[PDB]
Amino acid sequence: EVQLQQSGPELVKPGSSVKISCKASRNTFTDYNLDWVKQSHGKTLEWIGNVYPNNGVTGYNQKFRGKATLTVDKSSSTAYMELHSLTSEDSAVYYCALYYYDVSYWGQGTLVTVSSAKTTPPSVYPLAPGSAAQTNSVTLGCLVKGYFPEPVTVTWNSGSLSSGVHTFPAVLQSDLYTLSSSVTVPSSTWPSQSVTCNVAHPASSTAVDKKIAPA
Amino acid sequence: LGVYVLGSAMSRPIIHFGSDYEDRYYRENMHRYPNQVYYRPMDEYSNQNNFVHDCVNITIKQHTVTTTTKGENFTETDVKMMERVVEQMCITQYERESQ
Amino acid sequence: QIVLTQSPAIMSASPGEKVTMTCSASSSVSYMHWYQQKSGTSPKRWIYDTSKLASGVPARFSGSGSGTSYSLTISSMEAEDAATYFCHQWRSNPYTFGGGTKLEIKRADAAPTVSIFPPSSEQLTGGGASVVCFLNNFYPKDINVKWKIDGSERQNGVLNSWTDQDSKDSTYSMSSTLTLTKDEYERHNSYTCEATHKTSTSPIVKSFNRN
């Protein structure tokens, strides 16, 4: 029933600082603990520190002292992590995690990109076939090209479509990301029904919907 | 308060609870718990368990009033954990008083 | 501080198989915690206090160990269990994590299904020309792609990306994108995407003419 909402992705200049939040949404516990954790290149996990939100006590990993400061706003159930003086080693996903006896919940994570480059929105291009015309099901896609920073999220008809969707990890090339997503639907439904990918780029606040018409 | 003995400091022991959640909570909060105990003189008690019982209540009372005029709230988790470590501390104090 | 070493680092198991992975510690801990992470999502506590299951964790999982040596066991490997598993200790500050055990499931081999897409007019109209190739739902993951342009090979300006093992059918998928200038594209007719894989002795080919 409890849920941890973390604030959204951040693009920060080196030397700057940034504050991210984690609010315990439905919570009923008195004494729980909140850990903060970093994950680098979707692999290695490091404990940063914790706080008991109610009232006061705060622990740091010695390695992150002077780099992270943890505080809590107890009237609005929100915990904050301030990151000081960012470098590229600070780009990562940052999680908060709640513990109380047997129960544990992680937030969905907050991607922080430390970079001098400026935001760029994606161009979205629909991928239809034109003459390669079906047996069985049929494949479409969307190409999402030349954006920065991560992430973007891609949905098909808004969630309505989630069977035979592959969405591929972005890859950096020349200082901008490019990703793609495919979807496979039955010959019969296409072109007759109307297919859309919806791309959202938080860091720039573009949300584009691009319809897939037939070549 | 002139009726109590105030013992000298001792190292706070580590207590274990049966879950990692509590063991960790304890270790992380224990600096906020006391490191000396208040007791009534030994010559009022005919045995250890009675000495210990009194030492626990009095010590906990004084610690809770003196840190609440310093804006420290102790949760119910806290008093339950002070119950346990003050008990060990009062037993050690009892041993100090018996040679 | 306390260094947690997990092994093996990567393991493959077939369905129904008993699987065991170990986390060992440079000094004693009282309890060990294990976490599951599937790709794209965040870690989720899986076993806590050495051997208790977090909620939602299937019965086929178990945990044990003491001192410096801990294990996570799956009595009977299922496709959904394919993930990365980490151990974690709360004995002393700093709390640390192991390096992970990546667990994959074996399946029967499968050829990919290949779609090539020419570029959208929207793209051409604003400078570029990306031709795109999807290679979907194959196993095992070792695949290789090569692009062709009226017979000539092209190895630069090409982006490749793989998904991870699918929870449902346990396959892999991949896209390959060939980016070109509009002009260079306007001067060739025949665009071929070409895949080499265990399931075929000869290449798998998809192509379109610019007409």
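We number chain B the way Swiss-Prot does; in order, the residues shown are 125-223.
Header entry for method reads X-ray crystallography, 2.5 Å.
Placed from the backbone N, Cα and C atoms, the Cβ positions cover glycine too.
According to Swiss-Prot, the feature disulfide bond maps to B:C179-B:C214. Feature annotation from Swiss-Prot assigns N-linked glycosylation site to B:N181, B:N197.
Here the Cα atom of B:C214 (disulfide bond) is found 23 Å from that of B:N197 (N-linked glycosylation site). Among the recorded positions B:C179, B:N181, B:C214, none has a Cβ under 8 Å from a Cβ of chain A. A Cα-Cα distance of 18 Å separates B:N181 (N-linked glycosylation site) from B:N197 (N-linked glycosylation site). Separating the Cα atoms of B:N197 (N-linked glycosylation site) and B:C179 (disulfide bond) is a whole-number distance of 22 Å.
In this structure, B:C179 (disulfide bond) is part of a helix by DSSP. Within the set of glycosylation sites (B:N181, B:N197), the lowest number of other Cβ atoms found within 10 Å of a Cβ is recorded at B:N197. A C-beta separation below 8 Å, combined with a sequence spacing of at least six in one chain, links B:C179 (disulfide bond) to B:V161, B:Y162, B:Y163, B:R164, B:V210, B:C214, B:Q217, B:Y218.
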